[PDB]
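A.B. asks: Got a structure for you, questions after.
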Amino acid sequence: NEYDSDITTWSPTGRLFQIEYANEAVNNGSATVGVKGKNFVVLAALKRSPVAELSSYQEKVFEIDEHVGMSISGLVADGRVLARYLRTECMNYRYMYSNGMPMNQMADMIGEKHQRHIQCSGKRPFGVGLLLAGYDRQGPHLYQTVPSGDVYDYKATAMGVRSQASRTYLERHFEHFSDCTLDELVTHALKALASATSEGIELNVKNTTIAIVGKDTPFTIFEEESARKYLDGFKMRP
Amino acid sequence: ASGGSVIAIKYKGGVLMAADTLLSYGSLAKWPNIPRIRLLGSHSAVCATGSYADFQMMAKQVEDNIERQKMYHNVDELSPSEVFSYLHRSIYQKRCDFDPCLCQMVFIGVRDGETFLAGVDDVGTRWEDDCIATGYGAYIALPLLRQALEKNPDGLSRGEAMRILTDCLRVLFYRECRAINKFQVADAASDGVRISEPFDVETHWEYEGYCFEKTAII
């Protein structure tokens, strides 16, 4: 196989192998699950567990503005490159029009920023996938970006290592999300997330982040302190 | 070329912006039949005092931005306050380059109840009231509008505000040199901005104190 040496080489079957490799970087990151309701969006990310006494803590969830937010998966050293740009652009927009940038415009910005990096020789595709969570005049939006540059407006999604089981759970309850309320949304999201962890590991405040953004609710991250309202009572009931 | 004065007032439910339809070249009344009220998007309208080239360029630059934004992406069109904010930021940015946009603008707009009326200078100053006026209308017209507002703060009616708009346009015609008696009134209600056909306000020049014998300095 000599047709993956560069990002600017087409295989005889019209494939870009560097991008098909970059997708494997997302398929091996920490699992995250996003669930979009009628008035709220809930992201639930599974961080790294403490080794019996010691707590390694890495920022996967980011706030981009009062109404936006994003959970990355894959190489974080690219997620920060994109979060700096998204923050800069939502600020350049709130400075001109003095209002929050609409999601349908920010998703396209992310798409173009990705695509600009998959067409030249001295570049490489971002090996990081995003879960955008926003709210504007038109209501809650949940996107998902891939390394190839696509953007998908989702109703409920999950990505990361062994996220196929999270999707297999979500593809049974995703028809009733427009009616379940906030607590029910965060419970659906946590139940879907805990379905991607290892065998003998369960969800608890130590290894879970819960971000929420809705109509009257700015983007709030939830770590150990107040995650207990949604996390301390939680059982993976089969 | 340069426009005249603009006045504008909020009534119960909408905005009214009146402006004379004339462009002057210094002291010469050059073009008396041109429209000075532009309207941007489907909710807002603008009218500028002073140089016409600068207003013509700025209004074009902020009308390209609205339609593109709405056509490219599936988003709602910009509210009045946001397109005015963009107007203000662009005027200030042109001023920092010593490339001023030498025209005081009055900006009106209505979107589903939240009625908006603002004004922006050319140095970057912006403000918002229940009555705006640029050019000489800030001295002659504005006091009358302010009194007609405060004599009943509950909110004027549409006819009761059109009356005072005519009464101030009359004085602006009397006491402003570079002005003519053919105005236009853009009325912005919930449906959207609507520019009226040119009309003329009646005058009075038959005081007895103007008789030839009396005004005589023999």
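Each chain in the structure tokens gets a letter, A, B, ..., in the order shown, and its residues are numbered from 1; ligands are numbered from 1 in order too.
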Check which residues of region 125-192 of chain B sit at most 12 Å from region 101-109 of chain B using only C-alpha atoms, and return one row each with the closest pair of atoms and their distance in Å to one decimal, ordered by chain and rising number, as a Markdown table.
C.D. replies:
```
| residue | atom | partner | partner_atom | distance |
| --- | --- | --- | --- | --- |
| B:125 | CA | B:104 | CA | 9.4 |
| B:126 | CA | B:105 | CA | 9.5 |
| B:127 | CA | B:106 | CA | 9.8 |
| B:128 | CA | B:107 | CA | 9.5 |
| B:129 | CA | B:108 | CA | 11.0 |
| B:130 | CA | B:108 | CA | 10.8 |
| B:131 | CA | B:106 | CA | 10.1 |
| B:132 | CA | B:106 | CA | 7.1 |
| B:133 | CA | B:106 | CA | 7.3 |
| B:134 | CA | B:104 | CA | 6.5 |
| B:135 | CA | B:104 | CA | 7.7 |
| B:136 | CA | B:104 | CA | 11.3 |
| B:137 | CA | B:106 | CA | 11.6 |
| B:138 | CA | B:104 | CA | 11.1 |
| B:185 | CA | B:108 | CA | 11.9 |
| B:186 | CA | B:108 | CA | 9.2 |
| B:187 | CA | B:108 | CA | 9.1 |
| B:188 | CA | B:109 | CA | 6.3 |
| B:189 | CA | B:109 | CA | 8.2 |
| B:190 | CA | B:109 | CA | 9.2 |
| B:191 | CA | B:109 | CA | 10.8 |
| B:192 | CA | B:109 | CA | 8.1 |
```
A.B. asks: Take the residues from that selection and write them out as a PDB file, in the first residue's frame, keeping C-alpha atoms.
C.D. replies:
```pdb
ATOM      1  CA  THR B 125     -21.401  58.104  18.371  1.00  0.00           C
ATOM      2  CA  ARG B 126     -24.643  56.142  18.571  1.00  0.00           C
ATOM      3  CA  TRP B 127     -27.816  56.758  20.539  1.00  0.00           C
ATOM      4  CA  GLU B 128     -31.437  55.691  20.829  1.00  0.00           C
ATOM      5  CA  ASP B 129     -34.563  57.614  21.837  1.00  0.00           C
ATOM      6  CA  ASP B 130     -38.261  57.985  21.116  1.00  0.00           C
ATOM      7  CA  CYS B 131     -37.440  60.817  18.694  1.00  0.00           C
ATOM      8  CA  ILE B 132     -34.390  61.355  16.497  1.00  0.00           C
ATOM      9  CA  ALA B 133     -33.405  64.101  14.094  1.00  0.00           C
ATOM     10  CA  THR B 134     -30.267  64.936  12.163  1.00  0.00           C
ATOM     11  CA  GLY B 135     -28.997  67.873  10.178  1.00  0.00           C
ATOM     12  CA  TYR B 136     -30.803  71.007  11.270  1.00  0.00           C
ATOM     13  CA  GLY B 137     -33.774  68.947  12.416  1.00  0.00           C
ATOM     14  CA  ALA B 138     -31.880  68.401  15.656  1.00  0.00           C
ATOM     15  CA  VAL B 185     -42.616  59.408   5.249  1.00  0.00           C
ATOM     16  CA  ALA B 186     -41.469  55.834   5.776  1.00  0.00           C
ATOM     17  CA  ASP B 187     -43.824  54.115   8.214  1.00  0.00           C
ATOM     18  CA  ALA B 188     -42.574  50.951   9.912  1.00  0.00           C
ATOM     19  CA  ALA B 189     -45.195  48.734  11.549  1.00  0.00           C
ATOM     20  CA  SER B 190     -45.297  45.022  12.384  1.00  0.00           C
ATOM     21  CA  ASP B 191     -45.892  43.957   8.773  1.00  0.00           C
ATOM     22  CA  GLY B 192     -42.861  45.945   7.638  1.00  0.00           C
TER      23      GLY B 192
END
```
A.B. asks: As a list in words, which residues of region 127-166 of chain B does DSSP assign to strand (DSSP E or B)?
C.D. replies: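 Assigned to strand (DSSP E or B), within region 127-166 of chain B: residues 127, 128, 131, 132 and 133 of chain B.
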A.B. asks: Using only C-alpha atoms, which of B:139, B:72, B:11, B:55 sits nearest chain A?
C.D. replies: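 With only C-alpha atoms as the atom set, the closest residue is B:72.
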A.B. asks: Residues of chain A near chain B: apply a cut-off of 12 Å, count only C-alpha atoms, and supply the list as a ChimeraX atom specification.
C.D. replies: /A:92-109,136-139
A.B. asks: What are the DSSP alpha helix (DSSP H) residues of region 163-202 of chain B, as a list in words?
C.D. replies: residues 163, 164, 165, 166, 167, 168, 169, 170, 171, 172, 173, 174 and 175 of chain B
A.B. asks: Quick one: write out the picked residues with C-alpha atoms as a PDB file, in the first residue's frame?
C.D. replies:
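Dumped to again.pdb:
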```
ATOM      1  CA  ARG B 163     -49.899  65.461  12.587  1.00  0.00           C
ATOM      2  CA  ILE B 164     -46.840  66.582  14.529  1.00  0.00           C
ATOM      3  CA  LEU B 165     -44.549  65.209  11.834  1.00  0.00           C
ATOM      4  CA  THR B 166     -46.292  67.524   9.383  1.00  0.00           C
ATOM      5  CA  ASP B 167     -46.102  70.390  11.872  1.00  0.00           C
ATOM      6  CA  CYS B 168     -42.331  69.972  12.246  1.00  0.00           C
ATOM      7  CA  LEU B 169     -41.714  69.424   8.537  1.00  0.00           C
ATOM      8  CA  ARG B 170     -43.476  72.739   7.957  1.00  0.00           C
ATOM      9  CA  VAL B 171     -41.089  74.600  10.254  1.00  0.00           C
ATOM     10  CA  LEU B 172     -38.100  72.806   8.756  1.00  0.00           C
ATOM     11  CA  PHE B 173     -39.227  74.085   5.375  1.00  0.00           C
ATOM     12  CA  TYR B 174     -39.670  77.620   6.718  1.00  0.00           C
ATOM     13  CA  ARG B 175     -36.354  77.952   8.520  1.00  0.00           C
TER      14      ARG B 175
END
```
A.B. asks: State, in Å with one decimal place, the distance from CA of residue 147 (chain B) to CA of residue 2 (chain B).
C.D. replies: 29.1 Å
A.B. asks: Looking at A:114, A:80, A:87, A:60, which one is nearest to residue 126 (chain A), with distances taken over only C-alpha atoms?
C.D. replies: A:114
A.B. asks: If you measure from CA of residue 132 (chain A) to CA of residue 230 (chain A), what distance in Å do you get, rounded to one decimal?
C.D. replies: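 Between CA of residue 132 (chain A) and CA of residue 230 (chain A) the gap is 21.4 Å.
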A.B. asks: A:9, A:216, A:186, A:201: which is nearest residue 233 (chain A), counting only C-alpha atoms?
C.D. replies: A:186
A.B. asks: What does the distance from CA of residue 22 (chain A) to CA of residue 148 (chain A) come to in Å, to one decimal?
C.D. replies: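 Spanning CA of residue 22 (chain A) to CA of residue 148 (chain A) is a straight-line distance of 8.1 Å.
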A.B. asks: Counting only C-alpha atoms, which of A:134, A:127, A:34, A:50 gets nearest to residue 187 (chain A)?
C.D. replies: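 Smallest separation from residue 187 (chain A) among the options: A:34.
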